[PDB]
Amino acid sequence: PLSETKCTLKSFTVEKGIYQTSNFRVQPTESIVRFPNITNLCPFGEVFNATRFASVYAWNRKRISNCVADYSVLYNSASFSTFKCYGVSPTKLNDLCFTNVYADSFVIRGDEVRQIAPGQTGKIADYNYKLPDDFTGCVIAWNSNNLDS
Amino acid sequence: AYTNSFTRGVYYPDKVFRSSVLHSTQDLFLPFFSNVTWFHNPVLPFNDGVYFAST
Amino acid sequence: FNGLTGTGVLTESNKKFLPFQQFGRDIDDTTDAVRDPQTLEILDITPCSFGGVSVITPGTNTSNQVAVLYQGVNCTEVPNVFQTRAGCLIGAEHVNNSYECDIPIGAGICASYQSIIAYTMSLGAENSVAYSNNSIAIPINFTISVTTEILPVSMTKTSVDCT
Amino acid sequence: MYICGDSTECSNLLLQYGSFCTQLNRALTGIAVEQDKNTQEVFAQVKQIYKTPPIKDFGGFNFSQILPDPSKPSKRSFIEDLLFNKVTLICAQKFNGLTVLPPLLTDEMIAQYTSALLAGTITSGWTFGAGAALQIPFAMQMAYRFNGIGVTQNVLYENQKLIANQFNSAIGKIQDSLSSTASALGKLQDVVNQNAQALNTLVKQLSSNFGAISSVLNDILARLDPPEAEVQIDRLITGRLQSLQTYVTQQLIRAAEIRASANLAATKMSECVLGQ
Amino acid sequence: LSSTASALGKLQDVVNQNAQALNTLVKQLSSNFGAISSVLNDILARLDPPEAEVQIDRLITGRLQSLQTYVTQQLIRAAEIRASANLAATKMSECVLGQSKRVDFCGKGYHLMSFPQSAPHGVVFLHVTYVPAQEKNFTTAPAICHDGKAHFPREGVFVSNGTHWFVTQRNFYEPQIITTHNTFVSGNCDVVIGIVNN
Amino acid sequence: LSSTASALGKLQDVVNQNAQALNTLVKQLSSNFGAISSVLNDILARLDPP
Ligand SMILES: *[C@@H]1O[C@H](CO)[C@@H](O[C@@H]2O[C@H](CO)[C@@H](O)[C@H](O)[C@H]2NC(C)=O)[C@H](O)[C@H]1NC(C)=O
Ligand SMILES: *[C@@H]1O[C@H](CO)[C@@H](O[C@@H]2O[C@H](CO)[C@@H](O)[C@H](O)[C@H]2NC(C)=O)[C@H](O)[C@H]1NC(C)=O
Ligand SMILES: *[C@@H]1O[C@H](CO)[C@@H](O[C@@H]2O[C@H](CO)[C@@H](O)[C@H](O)[C@H]2NC(C)=O)[C@H](O)[C@H]1NC(C)=O
Ligand SMILES: *[C@@H]1O[C@H](CO)[C@@H](O[C@@H]2O[C@H](CO)[C@@H](O)[C@H](O)[C@H]2NC(C)=O)[C@H](O)[C@H]1NC(C)=O
Ligand SMILES: *[C@@H]1O[C@H](CO)[C@@H](O[C@@H]2O[C@H](CO)[C@@H](O)[C@H](O)[C@H]2NC(C)=O)[C@H](O)[C@H]1NC(C)=O
Ligand SMILES: *[C@@H]1O[C@H](CO)[C@@H](O[C@@H]2O[C@H](CO)[C@@H](O)[C@H](O)[C@H]2NC(C)=O)[C@H](O)[C@H]1NC(C)=O
Ligand SMILES: *[C@@H]1O[C@H](CO)[C@@H](O[C@@H]2O[C@H](CO)[C@@H](O)[C@H](O)[C@H]2NC(C)=O)[C@H](O)[C@H]1NC(C)=O
Ligand SMILES: *[C@@H]1O[C@H](CO)[C@@H](O)[C@H](O)[C@H]1NC(C)=O
Ligand SMILES: *[C@@H]1O[C@H](CO)[C@@H](O)[C@H](O)[C@H]1NC(C)=O
Ligand SMILES: *[C@@H]1O[C@H](CO)[C@@H](O)[C@H](O)[C@H]1NC(C)=O
């Protein structure tokens, strides 16, 4: 403690008195994690497997809840191309526990794929489908040149 | 048959527990000392929420 | 707890919840009571001890040993222990005498060299004047004393530019 | 602790802002150490500690309402008890680093100082401030105090009973005024309210977005990439620094006037009680 | 004063505070403040006006906050120094140029006079004070009545060494025989408490 | 009093100081502060929200 006092006073001589050096914290151990009892596979697999899509004038809306969502298996897949996930991290999807999930699926042309992003205008962006000024999940797009082509 | 609903329409806004604290909140509450349209099977408007007191 | 990450020490809570709450709080936002998602009970959260550290030294020139005081936590989890009303100090021998004392600590307890002893300060010498309604005390001799005091009037004049 | 709650890389980012963690602590330490000298200067003016004699022959005056009472928790008198009741072990700490330090001078020694001063004034006149205590009857002290304002000393020695009765009635009348009027102490309550509201505002300002995504560090840290979370961890430190600086500045400004009032009170105690 | 040092604590504290404040201010000039480097010449030399301005803005705002804090602290310290100077001026004007009757203003006891002396950044006073000692206690009496007339003392107090009565001043022991030159009559000795025959 | 001027130094100095402080507070409204324009009415209607 005398060495700490000499450090905090930046001198080799200290006069009689009471001095403050630092503060301490009790190190916590034995971390605990709790979770509910829900146990059922989620139908997002059939959402992504099945490809019967619509277009912009009528975009499908699906509700995803009461699942055990696994994004790591989809993340490592090379079938899809663009993740570019805003808000939450693409790799940190498995350590935060969500409240509700919204799914939208449709088909768009290749010159407007970049137009689907918050805080920007365009032609099909500002007139047909706007993303709000805050984070809303993220968007995944992939090339299909054998079904609708 | 208008009636003065004095101080009815107070509900817990959130699923949180508090104690001995004066909490200021903002939500769709029924204004105090309002007038309610007594009725007696007509279609009625639903603006943003209906306080359906009944006997 | 279901995405709620928090540090603290848990205890069997004594407060009561209505069947529709999930967690309580207090002034501002201090989550204290939480309901577990599986076994359906209630546990309250309180901080574990923390505080600053103080060192009492009698001067390097005089001696080369010091005392360590912990403000906040009391000496139950700190891995010549003495407990006071303001933290606890280790390294000082408690005595049962009162002296007009050196370096103060707090709540009337003050420690000084003698080998670093901590005690309760004494206000001063106690005497009782023998009051009476039929006697007065008159001085017979007088002395002339000289007293000094220092007062500052100004400091250095400094100017600082911007560009 | 207040700015970066139990986080590591938050301290790493804070280390790039110079040393904006020590001067605030130094100023607060100076305020705390000065608040001890403020109390030490006023009361600690008598060298010894006198106590009242068992003799209660004061010529007619009744001082039992203000002298210390042995059958009390801290040997306090009636007026001190009334004053204490009219103003509204170690667990004090939060998740913010708010700490309250106990004063050096406990209430018992303050009461002892006041009792010593009262006993010296009663049983030694005004001679206990210059040299040593010189016992003298109370009646002659009152006569000299009358003589010091122009009125001759033969007025008191022939109207002693009337003055004793008037003083007793005046002493008795103050208890009702203190007990009934709850708005008498309008000067010892403003500072407490101001300090409490300032601290409440300081602790309440934490839950603010400040333009970031969330007002809590842990939730942001567990969601964003550290390569990208650098900007979002920022815009939060820069506001808390401003809040703390404003609080410290206001504390200094309001402590200056308290110190001035303490100096005035010390002057009043030195000049009006020890002498005339 | 020659040998015992450390009695000039106030001036040393003021000088140390000023020096520490200035040192901290000059030391604050060497932080990144979120930029790339702590010197603007390097940033200008390694970059171009297109984007070199952001780091410059960060450095400017940080230095501006530091300067503002230093100025505020200096203002507070100057106000305190002004208050101390006012107190010193009042003391010098009232005690040096005259005599003080208020208790415990200049010195500890009955004030006599003072001498001022200079200092590196202040002033030092040398008060001369009067203090009694060698006390002796006697048997007193408020007033003495002769021939039914209650004489009171003009200025002083009645005392007795055991057999005789004298009148003496308050702050010294100079016995004087009781005569009609320093005692005045008022009424009759039937209402005063403490009347003693003489 | 009626002949010598500048005798009311303290009051005039206080009034001048207060007026100067208010004036220099008012003047700060037109500073660019690093934006694209000093006034806000045009800046809100000229650029996109981002
Ligand atoms: C449709 O869902 C099934 C179910 O997971 C996927 O089947 C996997 O296919 C790969 C490659 O053929 C196999 O290596 C796995 O073992 C299969 N898993 C299971 C559980 O059978 C299939 O890939 C999905 N189809 C598309 C187009 O994504
Ligand atoms: C020191 O801290 C310990 C930790 O709790 C205190 O222990 C308990 O304190 C509560 C109230 O503070 C008492 O009601 C309990 O009886 C205490 N338990 C025990 C086993 O002592 C302790 O009181 C604190 N103070 C001291 C002097 O030890
Ligand atoms: C004053 O007269 C009294 C009479 O004896 C003496 O002072 C007191 O002496 C008693 C002796 O029992 C002590 O208990 C008291 O404490 C004394 N009073 C004090 C110290 O105030 C003494 O003879 C006379 N005083 C002097 C200085 O000679
Ligand atoms: C204090 O004064 C009282 C009264 O003036 C003195 O004592 C009185 O003496 C007479 C004798 O002439 C008695 O009749 C009274 O009863 C006494 N009264 C009291 C209260 O004692 C006394 O001598 C004086 N001094 C002291 C020390 O009491
Ligand atoms: C001096 O005043 C006190 C007041 O506390 C008197 O003590 C008693 O006070 C109560 C409540 O005020 C009264 O009802 C009693 O009559 C008081 N006297 C007693 C003996 O109990 C005390 O008596 C007063 N003394 C003198 C000499 O006036
Ligand atoms: C009190 O003082 C008086 C005056 O000083 C003393 O009276 C003197 O006593 C001596 C004793 O031998 C005589 O020679 C003197 O003539 C007396 N003085 C006068 C003026 O006559 C008295 O003795 C003292 N009493 C005590 C108890 O000390
Ligand atoms: C002072 O002397 C007078 C007269 O010598 C005293 O007055 C008389 O005292 C006696 C004895 O107590 C009484 O019987 C008389 O009634 C009193 N009056 C008269 C007219 O004779 C007086 O008491 C003495 N006082 C003192 C304090 O000694
Ligand atoms: C309801 O409306 C009627 C019509 O204006 C009004 O007279 C009455 O006071 C209202 N009731 C209230 C305000 O409680
Ligand atoms: C959750 O599951 C565990 C283990 O199967 C069980 O002990 C617990 O009671 C369950 N919680 C419920 C049913 O609320
Ligand atoms: C150390 O302390 C001793 C005793 O008080 C004193 O004589 C000596 O001068 C001190 N030395 C220094 C360097 O202060």
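Scoring rules and cut-offs
Residues numbered from 1 in each chain as written, not as in the entry; some residues may be left out. Chains lettered and ligands numbered in written order. Part of a larger assembly, values for the part shown. Heavy atoms only, no water. Helix = DSSP H or I, 4+ residues; strand = E, 2+ residues; numbered from the N terminus. Rg over C-alpha atoms; globule rule 2.2 N^0.38 Å. Areas by Shrake-Rupley, 256 points an atom, 1.4 Å probe, with all protein chains shown as cover. Patch = residues over 30% accessible without salt bridge, like charges linked within 9 Å, V, L, I, M, F, W, Y side chains within 5 Å. Salt bridge = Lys/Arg side-chain N within 4 Å of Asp/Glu carboxyl O. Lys, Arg positive; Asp, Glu negative; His and termini not counted. Charge placed at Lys NZ, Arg CZ, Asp CG, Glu CD. Contact = heavy atoms within 4.5 Å. Buried area = accessible area lost by both parts, 1.4 Å probe. Polar contact = N/O pair within 3.5 Å; in protein donor to acceptor, adjacent residues only side chain to side chain. Nonpolar A, V, L, I, M, F, W, Y, C, P; charged D, E, K, R; others polar. Pairing = 2+ DSSP bridges.

As documented in the archive entry, the model was determined using cryo-EM at 3.6 Å resolution.

Visitor: How should the overall build of chain C be read in this particular structure?
Guide: Along chain C, the regular secondary structure elements total 0 helices and 13 strands. Reading chain C from its N end, one meets helices and strands in the order β-β-β-β-β-β-β-β-β-β-β-β-β. Against the globule reference of 15 Å for 163 residues, chain C gives a C-alpha radius of gyration of 29 Å, more extended than a compact globule. Oriented by its inertia axes, the alpha-carbon framework of chain C measures out at about 90 × 70 × 40 Å. Total accessible area on chain C stands at roughly 9200 Å², and carbon and sulfur atoms take up 50% of it.

Visitor: For this particular structure, what's the right way to read a negative patch on the surface?
Guide: On the surface, E:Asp48, E:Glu51, E:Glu53 and E:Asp57 cluster together to form a negatively charged patch. When you line up the elements, E:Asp57 lands in helix α3 (residues 49–96).

Visitor: When you look at the interface of chain E and chain C in this model, what are you seeing that I'm missing?
Guide: In this assembly, 43 residues from chain E lie in contact with 26 residues from chain C. In total, about 3500 Å² of surface goes out of reach between chain E and chain C, with carbon and sulfur atoms giving 64% of it. Where chain E meets chain C, there are 1 salt bridge. Ionic pairing is found between C:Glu149 and E:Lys91, a salt bridge with its closest N-O pair at 2.6 Å. Counting every contact that joins chain E to chain C gives 15 residue pairs in polar contact. Listed by contribution, the elements that provide at least two residues to the side of chain E that touches chain C are α1 (9–27), α3, β2 (122–138) and β5 (157–160) of chain E. With 17 residues, the top contributor of residues to the side of chain E that touches chain C is β2(E). Here the residues of the side of chain E that touches chain C sort into 25 nonpolar, 13 polar and 5 charged. Both strand β13 (residues 136–152) of chain C and β2(E) contribute to a ladder of 16 bridges, which runs antiparallel. Following the sheet pairing, C:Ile138 is matched in β2(E) by E:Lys136.

Visitor: Help me out: how do you make sense of the pairing of β2(E) in this one?
Guide: A regular strand carries its side chains on alternate faces of the sheet. All names here are of chain E. Sheet topology note: the strand β1 (residues 110–118)/β2 ladder contains 8 bridges and is antiparallel. Pairing of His111 across the sheet is with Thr129, part of β2. Count of turn residues in the β1/β2 antiparallel hairpin: 3 residues.

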